[PDB]
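Engineer: The sequence shown maps to residues 64 to 136 in PDB author numbering.
Every residue gets a Cβ at the ideal spot worked out from N, C-alpha and C, and that includes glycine.
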Amino acid sequence: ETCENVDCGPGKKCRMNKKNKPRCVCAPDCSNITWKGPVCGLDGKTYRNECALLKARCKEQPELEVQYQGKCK
């Protein structure tokens, strides 16, 4: 099977993995994000940029959001 006709839904795209299988992977479009610096997540961790936060939200933490811009305290 290939990535053709696969619909991965919001924030994800199809990529062929190292076992030759099509997979849907977290891939937020960073170009949609207006703030370009680090952010402080609702988990209390700093993310190098907001796109990295959104990738983490997609992969592991569905409730993760930016609680303030810049680095966390």
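Helix, strand or coil for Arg111 per DSSP?
Structural biologist: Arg111: coil per DSSP, three-state reduction.
Engineer: Return helix, strand or coil for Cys135, following the three-state DSSP convention.
Structural biologist: It is coil, neither helix nor strand.
Engineer: State whether the stretch 98-108 contacts the stretch 126-136, with contact taken as three or more CB pairs (one from each stretch) at a distance under 8 Å.
Structural biologist: At 8 Å Cβ cutoff, the stretches touch.
Engineer: So what's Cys93 in DSSP terms, helix, strand or just coil?
Structural biologist: Looking at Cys93 - three-state DSSP - the assignment turns out to be helix.
Engineer: Would you please state the rounded distance, in angstroms, between the beta carbons of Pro85 and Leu117? I believe it to be under 8 Å.
Structural biologist: Their Cβ separation, rounded to whole angstroms, is 22 Å, which puts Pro85 and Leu117 out of contact at 8 Å.
Engineer: How far does the beta strand (DSSP E) with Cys103 in it reach, from first residue to last?
Structural biologist: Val102 to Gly104 is the span of the beta strand (DSSP E), which, as asked, contains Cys103.
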